[PDB]
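Q: Provided herewith is a single structure, encoded as structure tokens, for subsequent inquiry.
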Amino acid sequence: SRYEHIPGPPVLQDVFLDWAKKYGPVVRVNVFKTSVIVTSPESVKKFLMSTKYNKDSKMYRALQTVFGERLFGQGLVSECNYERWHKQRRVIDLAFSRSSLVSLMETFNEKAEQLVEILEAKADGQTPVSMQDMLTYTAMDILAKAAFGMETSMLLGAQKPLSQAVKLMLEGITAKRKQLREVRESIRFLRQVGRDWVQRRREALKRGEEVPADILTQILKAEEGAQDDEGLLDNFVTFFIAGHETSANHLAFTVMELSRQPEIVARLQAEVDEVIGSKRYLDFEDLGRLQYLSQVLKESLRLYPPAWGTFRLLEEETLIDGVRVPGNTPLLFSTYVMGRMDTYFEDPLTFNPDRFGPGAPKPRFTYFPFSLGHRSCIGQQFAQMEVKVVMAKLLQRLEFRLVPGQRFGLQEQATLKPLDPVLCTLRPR
Ligand code: HEM
Ligand SMILES: Cc1ccc(-c2ccncc2)c(C(=O)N2CCC(O)(Cc3ccccc3)CC2)c1
């Protein structure tokens, strides 16, 4: 092989972790084609903080199409041509301005209040409750309203077919005749929903309804001269999926881990008590004052990044950390791997929020749960605000105990998520 000379072996992220440990900062692997996992901070900096390095489209191909069905296609995540990317990124950026996000505070509050009232009613310390499912309904209900102006009402038990579609498509990215059929139909369903909600927005505008400027406004604008709506739909599916799935799992992971950290939980309860009190509504400014909750969520992303990493195309032969890496090679970056290396993090398996305390030295290119550079998460602040609002309201009102038997392990599709449904029993504070 042109790759035989590179060090390497003569959940998949965990295998990568073991190999990076065993073999060093530049290791050859198999994802889908041969790629090279690069785990030095210097390398992270060089490749992610430069606009000379583009994503590798061959590696995103499994998000563009699934069993011949267009999924993310040429939307904002999976578009690897720089110009095309840059054009749509800059247009859609408008929906994530400071004042756009601040105005979502009402939506975040309402959906979080609804979740908490639903959980309070079950808080008999006996009824098992899937926090993964409940957090996913909350994130979807937030996204639909926030990004598209629609009310899915999943918290109320609506949109079960839609829930099913999502589940089946996620399984499909990582994979008979029958599962093949369930997958295709699901992807087509979600694009059909896209055509549905797009039609409504356009009717509204035509009939001159009040039209909140949101993410949907901006993805419409991005496509002013397209001959068809394929680009538009690509972005619909992208935001629909990216905008809830990882938020949901970040919340779920946080709740799962916190269930064996009672001292940390008591600290979080104290913080929430002291800043917001008994208030039902968190002000934008309150978010800033929840400093310890903010550290907890960061540490949760260190050990449990739902978006595990990214790929860049190495265009020409380059020496990386003493290793010759051939022209035309997918470079694999993983915040999951790096977060669990003792050479980057002291006692890496210890959940310690103090790593992110003010005055603690900041991780320097060893932690990137939203990636870094020009292709970093456009929804970073949106996600941070929403998960802070959900967590703060849970902590205000409820105590959680993981049902015994629930595992701490992971499953890996395209993203990482709890292996188990995070079944908990609950009591009011
Ligand atoms: C905890 C929640 C989230 C995490 C951990 C996360 C993580 C990431 C990561 C690692 C990337 C880079 C992906 C790549 O290089 O292939 C990314 C990009 C992106 N994320 Fe997120 N994300 C989150 C929430 C969101 C939300 C709420 C939205 C939308 C409202 C969103 C939309 C996107 C989009 C559109 C991109 C591509 C942007 C570009 O290339 O310019 N994400 N995210
Ligand atoms: C199904 C799905 C759901 C959400 C997101 C999502 C979330 C929030 N923001 C952005 C995207 C993504 C998704 O596109 N990603 C970026 C890439 C990856 O990190 C790793 C990966 C790269 C290539 C192939 C397989 C994995 C995984 C997450 C994919």
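Quick note on naming: the chains in the structure tokens go A, B, ... in the order shown, residues restart at 1 in each chain, and ligands are numbered from 1 in order of appearance.
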Give me, as an MDAnalysis selection string, the set of residues whose atoms come within 8 Å of any atom of ligand 2, counting only C-alpha atoms and all ligand atoms.
A: chainID A and resid 59:63 72 77:78 170 173 238 241:247 306:311 370 377:379 413:415
Q: Those same residues, written as a PDB file, in the first residue's frame with N, CA and C atoms?
A:
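Contents of again.pdb, freshly written:
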```pdb
ATOM      1  N   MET A  59     -15.326  11.538   2.371  1.00  0.00           N
ATOM      2  CA  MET A  59     -15.646  11.114   3.726  1.00  0.00           C
ATOM      3  C   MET A  59     -17.053  11.566   4.137  1.00  0.00           C
ATOM      4  N   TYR A  60     -17.609  12.596   3.479  1.00  0.00           N
ATOM      5  CA  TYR A  60     -18.936  13.097   3.827  1.00  0.00           C
ATOM      6  C   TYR A  60     -20.009  12.416   2.983  1.00  0.00           C
ATOM      7  N   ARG A  61     -19.555  11.539   2.085  1.00  0.00           N
ATOM      8  CA  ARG A  61     -20.394  10.970   1.048  1.00  0.00           C
ATOM      9  C   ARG A  61     -21.497  10.165   1.722  1.00  0.00           C
ATOM     10  N   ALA A  62     -21.200   9.670   2.923  1.00  0.00           N
ATOM     11  CA  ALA A  62     -22.170   8.872   3.657  1.00  0.00           C
ATOM     12  C   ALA A  62     -23.232   9.741   4.349  1.00  0.00           C
ATOM     13  N   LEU A  63     -23.040  11.070   4.368  1.00  0.00           N
ATOM     14  CA  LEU A  63     -24.057  12.000   4.856  1.00  0.00           C
ATOM     15  C   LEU A  63     -24.800  12.662   3.682  1.00  0.00           C
ATOM     16  N   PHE A  72     -28.189  14.837   3.359  1.00  0.00           N
ATOM     17  CA  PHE A  72     -27.612  16.163   3.550  1.00  0.00           C
ATOM     18  C   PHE A  72     -27.200  16.793   2.203  1.00  0.00           C
ATOM     19  N   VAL A  77     -23.302  21.535   5.877  1.00  0.00           N
ATOM     20  CA  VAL A  77     -22.328  20.691   6.553  1.00  0.00           C
ATOM     21  C   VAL A  77     -21.485  19.935   5.529  1.00  0.00           C
ATOM     22  N   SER A  78     -22.135  19.465   4.472  1.00  0.00           N
ATOM     23  CA  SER A  78     -21.575  18.402   3.658  1.00  0.00           C
ATOM     24  C   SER A  78     -21.048  18.936   2.321  1.00  0.00           C
ATOM     25  N   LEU A 170     -31.015   7.361  10.884  1.00  0.00           N
ATOM     26  CA  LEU A 170     -29.774   7.386  11.640  1.00  0.00           C
ATOM     27  C   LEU A 170     -29.087   6.013  11.633  1.00  0.00           C
ATOM     28  N   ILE A 173     -27.233   5.317   8.079  1.00  0.00           N
ATOM     29  CA  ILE A 173     -25.948   5.908   7.729  1.00  0.00           C
ATOM     30  C   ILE A 173     -24.796   4.934   8.015  1.00  0.00           C
ATOM     31  N   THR A 238     -30.567  19.149   6.728  1.00  0.00           N
ATOM     32  CA  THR A 238     -29.357  19.390   7.496  1.00  0.00           C
ATOM     33  C   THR A 238     -29.696  20.070   8.816  1.00  0.00           C
ATOM     34  N   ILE A 241     -31.983  18.055  11.221  1.00  0.00           N
ATOM     35  CA  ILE A 241     -31.319  16.969  11.917  1.00  0.00           C
ATOM     36  C   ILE A 241     -30.211  17.525  12.807  1.00  0.00           C
ATOM     37  N   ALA A 242     -29.326  18.362  12.261  1.00  0.00           N
ATOM     38  CA  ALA A 242     -28.195  18.857  13.044  1.00  0.00           C
ATOM     39  C   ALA A 242     -28.679  19.693  14.217  1.00  0.00           C
ATOM     40  N   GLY A 243     -29.835  20.351  14.052  1.00  0.00           N
ATOM     41  CA  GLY A 243     -30.289  21.355  15.005  1.00  0.00           C
ATOM     42  C   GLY A 243     -30.950  20.783  16.262  1.00  0.00           C
ATOM     43  N   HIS A 244     -31.237  19.466  16.281  1.00  0.00           N
ATOM     44  CA  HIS A 244     -31.786  18.868  17.492  1.00  0.00           C
ATOM     45  C   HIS A 244     -30.975  17.670  17.997  1.00  0.00           C
ATOM     46  N   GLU A 245     -30.404  16.860  17.088  1.00  0.00           N
ATOM     47  CA  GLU A 245     -29.942  15.520  17.437  1.00  0.00           C
ATOM     48  C   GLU A 245     -28.802  15.572  18.454  1.00  0.00           C
ATOM     49  N   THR A 246     -27.825  16.451  18.200  1.00  0.00           N
ATOM     50  CA  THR A 246     -26.638  16.516  19.021  1.00  0.00           C
ATOM     51  C   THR A 246     -26.961  17.268  20.306  1.00  0.00           C
ATOM     52  N   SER A 247     -27.808  18.303  20.206  1.00  0.00           N
ATOM     53  CA  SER A 247     -28.297  18.962  21.413  1.00  0.00           C
ATOM     54  C   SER A 247     -28.933  17.942  22.365  1.00  0.00           C
ATOM     55  N   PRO A 306     -21.008  14.479  21.111  1.00  0.00           N
ATOM     56  CA  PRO A 306     -21.874  13.839  20.115  1.00  0.00           C
ATOM     57  C   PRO A 306     -21.285  13.938  18.698  1.00  0.00           C
ATOM     58  N   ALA A 307     -20.759  15.117  18.333  1.00  0.00           N
ATOM     59  CA  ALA A 307     -20.065  15.268  17.059  1.00  0.00           C
ATOM     60  C   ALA A 307     -18.585  15.003  17.303  1.00  0.00           C
ATOM     61  N   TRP A 308     -18.172  13.775  16.992  1.00  0.00           N
ATOM     62  CA  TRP A 308     -16.904  13.270  17.490  1.00  0.00           C
ATOM     63  C   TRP A 308     -15.711  13.926  16.787  1.00  0.00           C
ATOM     64  N   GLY A 309     -15.932  14.524  15.604  1.00  0.00           N
ATOM     65  CA  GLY A 309     -14.812  15.010  14.803  1.00  0.00           C
ATOM     66  C   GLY A 309     -15.182  15.461  13.382  1.00  0.00           C
ATOM     67  N   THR A 310     -14.186  15.438  12.483  1.00  0.00           N
ATOM     68  CA  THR A 310     -14.237  16.093  11.179  1.00  0.00           C
ATOM     69  C   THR A 310     -13.102  15.543  10.314  1.00  0.00           C
ATOM     70  N   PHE A 311     -13.202  15.778   9.005  1.00  0.00           N
ATOM     71  CA  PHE A 311     -12.170  15.371   8.065  1.00  0.00           C
ATOM     72  C   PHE A 311     -11.746  16.566   7.221  1.00  0.00           C
ATOM     73  N   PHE A 370     -17.281  21.573  19.049  1.00  0.00           N
ATOM     74  CA  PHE A 370     -17.947  22.265  17.947  1.00  0.00           C
ATOM     75  C   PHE A 370     -16.980  22.473  16.779  1.00  0.00           C
ATOM     76  N   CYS A 377     -19.018  24.896  14.164  1.00  0.00           N
ATOM     77  CA  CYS A 377     -20.475  24.811  14.226  1.00  0.00           C
ATOM     78  C   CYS A 377     -21.132  26.191  14.156  1.00  0.00           C
ATOM     79  N   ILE A 378     -21.978  26.422  13.137  1.00  0.00           N
ATOM     80  CA  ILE A 378     -22.720  27.682  13.053  1.00  0.00           C
ATOM     81  C   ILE A 378     -23.746  27.758  14.190  1.00  0.00           C
ATOM     82  N   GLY A 379     -24.245  26.595  14.657  1.00  0.00           N
ATOM     83  CA  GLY A 379     -25.246  26.559  15.721  1.00  0.00           C
ATOM     84  C   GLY A 379     -24.682  26.490  17.149  1.00  0.00           C
ATOM     85  N   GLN A 413     -23.475   5.931  15.744  1.00  0.00           N
ATOM     86  CA  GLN A 413     -23.865   6.003  14.347  1.00  0.00           C
ATOM     87  C   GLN A 413     -22.894   6.963  13.663  1.00  0.00           C
ATOM     88  N   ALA A 414     -23.433   7.965  12.984  1.00  0.00           N
ATOM     89  CA  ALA A 414     -22.580   9.067  12.597  1.00  0.00           C
ATOM     90  C   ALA A 414     -22.196   9.875  13.838  1.00  0.00           C
ATOM     91  N   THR A 415     -23.124  10.022  14.800  1.00  0.00           N
ATOM     92  CA  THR A 415     -22.825  10.723  16.044  1.00  0.00           C
ATOM     93  C   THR A 415     -22.761   9.731  17.201  1.00  0.00           C
TER      94      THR A 415
END
```
Q: Hey, could you make a per-residue contact list for stretch 183-289 of chain A against stretch 387-408 of chain A with 12 Å as the cut-off, showing the nearest pair of atoms and its distance in Å to one decimal, counting only C-alpha atoms, sorted by chain and number, as a Markdown table?
A:
```
| residue | atom | partner | partner_atom | distance |
| --- | --- | --- | --- | --- |
| A:243 | CA | A:387 | CA | 11.9 |
| A:244 | CA | A:387 | CA | 10.6 |
| A:246 | CA | A:387 | CA | 10.5 |
| A:247 | CA | A:387 | CA | 6.9 |
| A:248 | CA | A:387 | CA | 8.5 |
| A:249 | CA | A:387 | CA | 10.3 |
| A:250 | CA | A:387 | CA | 8.0 |
| A:251 | CA | A:387 | CA | 6.6 |
| A:252 | CA | A:391 | CA | 10.2 |
| A:253 | CA | A:408 | CA | 8.8 |
| A:254 | CA | A:391 | CA | 8.8 |
| A:255 | CA | A:400 | CA | 8.1 |
| A:256 | CA | A:402 | CA | 7.1 |
| A:257 | CA | A:408 | CA | 7.6 |
| A:258 | CA | A:400 | CA | 8.8 |
| A:259 | CA | A:401 | CA | 5.9 |
| A:260 | CA | A:402 | CA | 8.2 |
| A:261 | CA | A:401 | CA | 10.6 |
| A:262 | CA | A:401 | CA | 9.9 |
| A:264 | CA | A:395 | CA | 11.4 |
| A:265 | CA | A:395 | CA | 8.0 |
| A:266 | CA | A:395 | CA | 9.2 |
| A:267 | CA | A:395 | CA | 10.1 |
| A:268 | CA | A:395 | CA | 7.0 |
| A:269 | CA | A:395 | CA | 5.6 |
| A:270 | CA | A:396 | CA | 9.0 |
| A:271 | CA | A:392 | CA | 9.2 |
| A:272 | CA | A:396 | CA | 6.1 |
| A:273 | CA | A:396 | CA | 6.7 |
| A:274 | CA | A:396 | CA | 10.3 |
| A:275 | CA | A:392 | CA | 10.2 |
| A:276 | CA | A:396 | CA | 8.6 |
| A:277 | CA | A:396 | CA | 8.0 |
| A:278 | CA | A:396 | CA | 7.7 |
| A:279 | CA | A:396 | CA | 9.3 |
| A:280 | CA | A:393 | CA | 8.0 |
| A:281 | CA | A:393 | CA | 8.8 |
| A:282 | CA | A:389 | CA | 7.1 |
| A:283 | CA | A:389 | CA | 9.6 |
| A:284 | CA | A:389 | CA | 9.6 |
| A:285 | CA | A:389 | CA | 11.7 |
| A:286 | CA | A:389 | CA | 9.7 |
| A:287 | CA | A:388 | CA | 7.0 |
| A:288 | CA | A:388 | CA | 9.8 |
| A:289 | CA | A:388 | CA | 11.0 |
```
Q: Take the residues from that selection and write them out as a tab-separated table (two decimals), in the first residue's frame, keeping N, CA and C atoms.
A:
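Below is the file part-v7.tsv, written as the result:
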```
chain	number	residue	atom	x	y	z
A	243	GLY	N	-29.83	20.35	14.05
A	243	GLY	CA	-30.29	21.36	15.01
A	243	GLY	C	-30.95	20.78	16.26
A	244	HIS	N	-31.24	19.47	16.28
A	244	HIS	CA	-31.79	18.87	17.49
A	244	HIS	C	-30.97	17.67	18.00
A	246	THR	N	-27.82	16.45	18.20
A	246	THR	CA	-26.64	16.52	19.02
A	246	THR	C	-26.96	17.27	20.31
A	247	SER	N	-27.81	18.30	20.21
A	247	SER	CA	-28.30	18.96	21.41
A	247	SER	C	-28.93	17.94	22.36
A	248	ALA	N	-29.81	17.09	21.82
A	248	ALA	CA	-30.52	16.07	22.56
A	248	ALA	C	-29.53	15.16	23.29
A	249	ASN	N	-28.51	14.70	22.56
A	249	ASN	CA	-27.59	13.73	23.11
A	249	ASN	C	-26.61	14.35	24.11
A	250	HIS	N	-26.21	15.61	23.88
A	250	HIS	CA	-25.42	16.35	24.85
A	250	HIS	C	-26.19	16.43	26.16
A	251	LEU	N	-27.47	16.84	26.11
A	251	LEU	CA	-28.31	16.82	27.31
A	251	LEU	C	-28.38	15.44	27.97
A	252	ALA	N	-28.71	14.40	27.20
A	252	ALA	CA	-28.81	13.02	27.68
A	252	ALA	C	-27.51	12.55	28.36
A	253	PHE	N	-26.36	12.78	27.70
A	253	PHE	CA	-25.08	12.43	28.30
A	253	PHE	C	-24.86	13.15	29.63
A	254	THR	N	-25.20	14.44	29.66
A	254	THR	CA	-24.99	15.22	30.86
A	254	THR	C	-25.83	14.65	32.02
A	255	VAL	N	-27.12	14.41	31.76
A	255	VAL	CA	-28.00	13.82	32.76
A	255	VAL	C	-27.49	12.44	33.21
A	256	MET	N	-27.09	11.58	32.26
A	256	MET	CA	-26.58	10.26	32.58
A	256	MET	C	-25.37	10.38	33.51
A	257	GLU	N	-24.39	11.24	33.16
A	257	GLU	CA	-23.18	11.32	33.97
A	257	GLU	C	-23.52	11.91	35.33
A	258	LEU	N	-24.34	12.97	35.34
A	258	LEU	CA	-24.61	13.66	36.60
A	258	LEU	C	-25.27	12.72	37.61
A	259	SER	N	-25.92	11.65	37.12
A	259	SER	CA	-26.63	10.73	38.00
A	259	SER	C	-25.68	9.92	38.89
A	260	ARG	N	-24.36	9.93	38.62
A	260	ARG	CA	-23.44	9.34	39.58
A	260	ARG	C	-22.50	10.40	40.18
A	261	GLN	N	-22.91	11.68	40.16
A	261	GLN	CA	-22.08	12.75	40.68
A	261	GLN	C	-22.91	13.60	41.65
A	262	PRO	N	-23.35	13.09	42.82
A	262	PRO	CA	-24.30	13.87	43.62
A	262	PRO	C	-23.70	15.17	44.17
A	264	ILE	N	-21.53	17.14	42.66
A	264	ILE	CA	-21.60	18.12	41.59
A	264	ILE	C	-23.04	18.61	41.43
A	265	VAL	N	-24.00	17.68	41.54
A	265	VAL	CA	-25.40	18.03	41.34
A	265	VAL	C	-25.84	19.04	42.41
A	266	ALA	N	-25.37	18.82	43.64
A	266	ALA	CA	-25.74	19.69	44.74
A	266	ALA	C	-25.19	21.10	44.48
A	267	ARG	N	-24.01	21.17	43.86
A	267	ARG	CA	-23.38	22.44	43.52
A	267	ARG	C	-24.20	23.13	42.43
A	268	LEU	N	-24.71	22.34	41.48
A	268	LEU	CA	-25.48	22.88	40.38
A	268	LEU	C	-26.81	23.40	40.91
A	269	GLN	N	-27.42	22.65	41.85
A	269	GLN	CA	-28.69	23.05	42.44
A	269	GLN	C	-28.51	24.38	43.19
A	270	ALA	N	-27.42	24.48	43.95
A	270	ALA	CA	-27.11	25.70	44.69
A	270	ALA	C	-26.96	26.89	43.74
A	271	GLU	N	-26.26	26.68	42.61
A	271	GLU	CA	-26.00	27.77	41.68
A	271	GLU	C	-27.32	28.24	41.09
A	272	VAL	N	-28.13	27.26	40.65
A	272	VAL	CA	-29.41	27.61	40.05
A	272	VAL	C	-30.28	28.31	41.11
A	273	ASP	N	-30.28	27.81	42.35
A	273	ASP	CA	-31.08	28.43	43.40
A	273	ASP	C	-30.67	29.90	43.57
A	274	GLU	N	-29.35	30.17	43.62
A	274	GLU	CA	-28.87	31.50	43.95
A	274	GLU	C	-29.06	32.49	42.79
A	275	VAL	N	-29.10	32.04	41.54
A	275	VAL	CA	-29.13	33.05	40.49
A	275	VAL	C	-30.56	33.33	40.00
A	276	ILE	N	-31.34	32.28	39.71
A	276	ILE	CA	-32.67	32.46	39.16
A	276	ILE	C	-33.76	32.34	40.24
A	277	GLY	N	-33.42	31.72	41.38
A	277	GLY	CA	-34.35	31.54	42.49
A	277	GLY	C	-35.50	30.59	42.17
A	278	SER	N	-36.73	31.11	42.30
A	278	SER	CA	-37.95	30.37	42.00
A	278	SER	C	-38.60	30.84	40.69
A	279	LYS	N	-38.01	31.87	40.05
A	279	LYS	CA	-38.42	32.37	38.74
A	279	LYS	C	-38.61	31.23	37.75
A	280	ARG	N	-39.62	31.36	36.90
A	280	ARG	CA	-39.93	30.33	35.92
A	280	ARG	C	-39.19	30.63	34.63
A	281	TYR	N	-38.66	31.85	34.50
A	281	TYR	CA	-38.08	32.30	33.24
A	281	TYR	C	-36.65	32.80	33.46
A	282	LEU	N	-35.72	32.26	32.66
A	282	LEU	CA	-34.32	32.66	32.64
A	282	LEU	C	-34.13	33.82	31.66
A	283	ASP	N	-33.56	34.93	32.14
A	283	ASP	CA	-33.25	36.09	31.31
A	283	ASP	C	-32.00	35.75	30.53
A	284	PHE	N	-31.80	36.38	29.37
A	284	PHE	CA	-30.56	36.16	28.64
A	284	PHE	C	-29.36	36.31	29.59
A	285	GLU	N	-29.40	37.31	30.47
A	285	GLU	CA	-28.26	37.73	31.27
A	285	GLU	C	-27.96	36.71	32.36
A	286	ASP	N	-29.01	36.03	32.85
A	286	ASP	CA	-28.89	34.94	33.79
A	286	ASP	C	-27.98	33.83	33.26
A	287	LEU	N	-27.97	33.61	31.93
A	287	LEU	CA	-27.20	32.52	31.36
A	287	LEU	C	-25.72	32.71	31.69
A	288	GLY	N	-25.25	33.96	31.60
A	288	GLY	CA	-23.86	34.30	31.87
A	288	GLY	C	-23.46	33.95	33.31
A	289	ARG	N	-24.39	34.10	34.25
A	289	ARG	CA	-24.10	33.92	35.66
A	289	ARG	C	-24.09	32.45	36.09
```
Q: Tell me, as a VMD selection string, which residues lie within 10 Å of residue A:184, counting only C-alpha atoms; anything in the same chain fewer than 6 positions away does not count.
A: chain A and resid 66 to 71 165 168 to 169 172
Q: Tell me, which residues of stretch 131-317 of chain A carry DSSP strand (DSSP E), written as a list in words?
A: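 Output for stretch 131-317 of chain A, strand (DSSP E) only: residues 309, 310, 311, 312, 313 and 314 of chain A.
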Q: Could you jot down the atom CA of residue A:178 to atom CA of residue A:73 separation for me, Å, one decimal place?
A: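 About the pair atom CA of residue A:178 and atom CA of residue A:73: they are 23.7 Å apart.
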Q: Which residue, A:38, A:215, A:360, A:116, has the smallest gap to ligand 1 when you use only C-alpha atoms and all ligand atoms?
A: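 Among A:38, A:215, A:360, A:116, it is A:215 that comes nearest to ligand 1.
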Q: So how far away is atom 39 (C, counted along the ligand's line) of ligand 1 from atom CA of residue A:368, in Å?
A: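 According to the coordinates, atom CA of residue A:368 and atom 39 (C, counted along the ligand's line) of ligand 1 are separated by 14.2 Å.
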Q: Which residues are near residue A:74? Cut-off 10 Å, only C-alpha atoms, ignore same chain within fewer than 5 positions. Put them as a PyMOL selection string.
A: chain A and resi 63-65+79-81+84-85+230-235+238
Q: Selection from above, C-alpha atoms, as a PDB file, in the first residue's frame, can you write it?
A:
```pdb
ATOM      1  CA  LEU A  63     -24.057  12.000   4.856  1.00  0.00           C
ATOM      2  CA  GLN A  64     -24.787  13.336   1.346  1.00  0.00           C
ATOM      3  CA  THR A  65     -26.650  10.230   0.149  1.00  0.00           C
ATOM      4  CA  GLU A  79     -20.657  20.932   0.926  1.00  0.00           C
ATOM      5  CA  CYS A  80     -16.876  20.715   0.427  1.00  0.00           C
ATOM      6  CA  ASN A  81     -16.415  23.268  -2.365  1.00  0.00           C
ATOM      7  CA  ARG A  84     -20.321  27.255  -2.560  1.00  0.00           C
ATOM      8  CA  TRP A  85     -19.887  26.745   1.212  1.00  0.00           C
ATOM      9  CA  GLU A 230     -32.723  20.517  -4.088  1.00  0.00           C
ATOM     10  CA  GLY A 231     -30.191  22.839  -2.415  1.00  0.00           C
ATOM     11  CA  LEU A 232     -32.984  24.293  -0.260  1.00  0.00           C
ATOM     12  CA  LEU A 233     -34.113  20.815   0.804  1.00  0.00           C
ATOM     13  CA  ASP A 234     -30.515  19.739   1.509  1.00  0.00           C
ATOM     14  CA  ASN A 235     -30.279  22.590   4.018  1.00  0.00           C
ATOM     15  CA  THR A 238     -29.357  19.390   7.496  1.00  0.00           C
TER      16      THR A 238
END
```
Q: List the spatial neighbours of residue A:44 as a PyMOL selection string - criterion: any atom at most 9 Å away, only C-alpha atoms, same-chain residues fewer than 6 positions off excluded.
A: chain A and resi 38+333+365-366+372
Q: Tell me which of A:293, A:101, A:204, A:155 sits closest to ligand 1, counting only C-alpha atoms and all ligand atoms.
A: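 Closest candidate: A:101.
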Q: Counting only C-alpha atoms and all ligand atoms, figure out which residue out of A:291, A:163, A:218, A:425 gets nearest to ligand 1.
A: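 Comparing A:291, A:163, A:218, A:425 against ligand 1, the winner is A:218.
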